[PDB]
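All remarks here apply to the structure that follows.
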Amino acid sequence: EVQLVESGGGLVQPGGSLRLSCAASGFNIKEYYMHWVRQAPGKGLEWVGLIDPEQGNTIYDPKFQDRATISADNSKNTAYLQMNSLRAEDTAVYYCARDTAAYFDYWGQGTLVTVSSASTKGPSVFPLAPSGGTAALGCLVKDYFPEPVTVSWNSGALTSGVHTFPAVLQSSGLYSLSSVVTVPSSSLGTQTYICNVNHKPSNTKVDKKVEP
Amino acid sequence: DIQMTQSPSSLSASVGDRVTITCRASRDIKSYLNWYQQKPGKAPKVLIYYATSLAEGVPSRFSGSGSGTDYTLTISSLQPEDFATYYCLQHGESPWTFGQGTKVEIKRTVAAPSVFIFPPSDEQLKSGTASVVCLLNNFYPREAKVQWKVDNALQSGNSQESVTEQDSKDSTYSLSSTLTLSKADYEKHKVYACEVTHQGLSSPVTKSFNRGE
């Protein structure tokens, strides 16, 4: 069971540095090339660079040659990417990937780095309460920064009928997002619905019961 | 660097249709060209490697062809789950470069939205703001219009909306619209409604509630 788990995402000030980790399990990074690829919100994939963990050789896209450093610690079986002098253009989801030579066969989950001078703010979570055979309920996650927020239902077991919408930037410069779930009208009285909201930047975890 | 240009940038086709996507490298890449599929919010997944080989676990409806500078990805019978953005990647020389991506949408039969309206929660009303939300659920095509009315008067400039990516199973879309008012204004007025127009609706559908009731 090969796994690549990334960490180090979040909010960074313009001119500051990102420091991401890609912890590997199920294989030895020493036997493969490990690469970093990023994707700015709504844009295409962009190659950052690679490292051969065996002897440490690296290759960077010329755009990052002067500001990025890819490295690896075999004893912790982890690859890292550090990039300094960050600007707005560096806001993106960064992925680490295992290269077999032929293709990338395993990927990290991806972590968003947001380059902004704005301050981190945790969201307020409010219920969207149900009013023929189908009803809908949901949660309004409001006034947070920076992205992202993850929303699940009944601790992630409920995915049927769930729709979590893209956040929108409000007039205040803070984000707002809603998640709804459609359900049998009859289930409103025979079962409870709970939305779970996680905003890592502000270490906020909220469980909100949504009742008619 | 080697520039990779994909064509077209987006396309839509029906379930069962054949889909073709091309990619041109600015110079010879000697078949070191892979195709990756990326669904919303997920890491890319390889489909084809070395221009023509099908990656393990990938459905046989996917195939790649080409050599030199020109490459083509073919999906023989498009399936709902094939909604995604497809990228070519040349790894013939550094820096490795990706095409800009080609977004593939599924074309399906018209489906009218199911509409729901939500008043602001009491918890939110403890503060200075009130949010009223309207949900347009599982409809197709993506185009839809929502207008808000407070005390039967059409509203302007105080709402924002967002739409989900096409559903991977039924190929529909959902949309959420939020009307924002001050808590003082919300408490002053009574009737709150959202009116929806869509290709699958012969006439507008309105959902509403009266504060208090």
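So you know, we letter chains A, B, ... as the sequences are listed, proteins then strands, and number each from 1. The figures that follow rest on heavy atoms only: side chains count, while hydrogens, waters and symmetry mates do not.
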Should the pair B:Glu123-A:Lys208 be classified as a salt bridge under the 4.0 Å nitrogen-to-oxygen rule? yes
Can you tell me if A:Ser85 uses its side chain to pair, donor with acceptor, with the backbone of A:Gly15 under 3.5 Å? no
A:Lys43 and B:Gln100: side chain to side chain donor-acceptor pair (under 3.5 Å), yes or no, with the steps? CA-CA 8 Å; A:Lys43 309 311 148 182; B:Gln100 83 276 12; over 6 Å; no
State, with a plain yes or no, whether a side-chain heavy atom of B:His198 is found less than 4.5 Å away from one of B:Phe139. yes
Spatial distance of atom CD1 (B:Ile21) from atom OG (B:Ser7) [nearest 0.5 Å]: 10.0 Å
Would you call the rings of A:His35 and A:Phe104 parallel, tilted or perpendicular, where under 30° means parallel and over 60° means perpendicular? perpendicular
Least distance between heavy atoms, A:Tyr95 atom then B:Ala43 atom: CE2-CA, 3.6 Å
Walk me through it: do A:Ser202 and A:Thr204 pass the test side chain to side chain donor-acceptor pair (under 3.5 Å)? CA-CA 5 Å; A:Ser202 63; A:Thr204 296; 2.9 Å; yes
Looking at every non-hydrogen atom in both residues, tell me the closest pair between B:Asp82 and B:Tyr86 and how far apart they are. O-OH, 2.5 Å
In short, B:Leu54 meets B:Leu47 closest at the heavy-atom pair CD1-O, 3.5 Å
Roughly how far, to the nearest 0.5 Å, is OG1 of A:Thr69 from CZ of A:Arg19? 10.0 Å
Spacing of CD1 belonging to B:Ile75 relative to OG belonging to B:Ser77, to within rounding of 0.5 Å: 9.5 Å
Return yes if some donor-acceptor pair links the side-chain N/O of A:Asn203 with the main-chain N/O of A:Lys200 below 3.5 Å, else return no. no
4.5 Å side-chain heavy-atom contact, B:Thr85 and B:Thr102: no
Got a donor-acceptor contact below 3.5 angstrom from the B:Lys39 side chain to the B:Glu81 backbone? yes
Could you check if a side-chain atom of A:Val149 sits within less than 4.5 angstrom of a side-chain atom of A:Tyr175, using non-hydrogen atoms only? no
Pair B:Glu195 + B:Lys149: basic N to acidic O under 4.0 Å: yes
Measuring from atom CG of B:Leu73 to atom OG of B:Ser65, what distance do you get when rounded to the nearest 0.5 angstrom? 8.5 Å
Enumerate the residue pairs fulfilling side chain to side chain donor-acceptor pair (under 3.5 Å) with a member in residues 57-66 of chain A, sequence neighbours excluded, ordered by first and then second residue. A:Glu46-A:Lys63
Test side chain to side chain donor-acceptor pair (under 3.5 Å) applied to A:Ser187 and A:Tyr193, step by step: CA-CA 10 Å; A:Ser187 68; A:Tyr193 292 87; 2.8 Å; yes
Sequence-distant partners of B:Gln3, side chain to side chain contact (heavy atoms under 4.5 Å, CB included), two or more places apart: B:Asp1, B:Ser26
Minimum heavy-atom separation for A:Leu128 to A:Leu140, with atom names? CG-N, 4.1 Å
Please give me the minimum heavy-atom distance between A:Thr182 and A:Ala136, naming the atom from each residue. CG2-CB, 4.0 Å
Any donor-acceptor pair under 3.5 Å linking the side chain of A:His199 with the backbone of A:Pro146? yes
Ion pair check, B:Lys107 and B:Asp17, cut-off under 4.0 Å: no
Smallest heavy-atom separation, A:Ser179 atom then A:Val162 atom, equals OG-CG1, 3.9 Å
Can you find a heavy atom in the side chain of A:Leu81 that is under 4.5 Å from one in the side chain of A:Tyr94? yes
Can you tell me how far apart CD (B:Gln166) and OG1 (B:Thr172) are? Round to the nearest 0.5 Å. 7.5 Å
Examine B:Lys103 relative to B:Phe83 and say whether NZ or CZ is less than 6.0 Å from the centre of the six-membered ring and inside a 45° cone about the ring axis. yes
So does B:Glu93 pair up with B:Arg27, basic N to acidic O under 4.0 Å? yes
Below 4.5 Å, heavy atoms only, C-beta onward: do A:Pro14 and A:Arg87 meet side chain to side chain? no
B:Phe98 atom CZ, neighbour heavy-atom count above 12 within 6.0 Å: yes
If the threshold is 4.0 Å, N to carboxylate O, is there a salt bridge linking B:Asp170 and B:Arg108? no
Is a donor on one side and an acceptor on the other found under 3.5 Å between the side chain of B:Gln90 and the backbone of B:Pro95? yes
I'd like to check the salt bridge (charged side-chain N to carboxylate O under 4.0 Å, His left out) partners of A:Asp52; sequence neighbours left out, ordered by chain and number. none
Check whether any side-chain N or O of A:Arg67 sits under 3.5 Å from a backbone N or O of A:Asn84 as a donor-acceptor pair, and report yes or no. yes
Residue pairs fulfilling side chain to side chain donor-acceptor pair (under 3.5 Å) with at least one residue in residues 40-53 of chain B, sequence neighbours excluded: B:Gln37-B:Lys45
So, the side chain of A:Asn77 versus the backbone of A:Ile29: is there a donor-acceptor pair under 3.5 Å, distance only? yes
Kindly compute the distance separating CH2 (A:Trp47) from CG (B:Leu89), expressed to the nearest 0.5 Å. 9.5 Å
In short, side chain to side chain donor-acceptor pair (under 3.5 Å) pairs touching residues 101-121 of chain A with sequence neighbours left out are A:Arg98-A:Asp105
Any side-chain heavy atom of B:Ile29 within less than 4.5 Å of one from B:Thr69? no
Under 3.5 Å, side chain of B:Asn158 to main-chain N/O of B:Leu179, donor-acceptor pair present? no
Pick out which of A:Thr164, A:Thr159, A:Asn196 makes a side-chain hydrogen bond (donor to acceptor under 3.5 Å, both in side chains) with A:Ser152. A:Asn196
Quick check: does any side chain N or O of B:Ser31 sit under 3.5 Å from a backbone N or O of B:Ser67, one acting as donor and the other as acceptor? no
Should we count CD of B:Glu56 as having more than 12 external heavy atoms under 6.0 Å? no
Going through the distances and angles, do A:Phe27 and A:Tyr32 end up as a ring-ring contact (aromatic ring centres under 6.0 Å, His included)? CA-CA 9 Å; A:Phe27 76 98; A:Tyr32 302 75; 5.4 Å; yes
Residues, nucleotides or ligands: over 12 heavy atoms within 6.0 Å of A:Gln13 CD: no
Checking B:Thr74 side chain against B:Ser76 main chain: does a donor-acceptor pair fall under 3.5 Å? no
For the residue pair B:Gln6 and B:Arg24, establish whether any side-chain heavy-atom pair is separated by less than 4.5 Å. no
Applying side chain to side chain donor-acceptor pair (under 3.5 Å) to B:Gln124 and B:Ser131, what does each step give before you reach the verdict? CA-CA 8 Å; B:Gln124 177 180 34; B:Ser131 298; 2.9 Å; yes
So, do B:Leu135 and B:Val115 sit near enough that their side-chain heavy atoms are less than 4.5 Å apart? no
What residue pairs, at least two apart or across chains, pass side chain to side chain donor-acceptor pair (under 3.5 Å) with a residue in residues 173-183 of chain B? A:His163-B:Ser174, A:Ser178-B:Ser176, B:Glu105-B:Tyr173, B:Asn137-B:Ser174, B:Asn138-B:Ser174, B:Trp148-B:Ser177
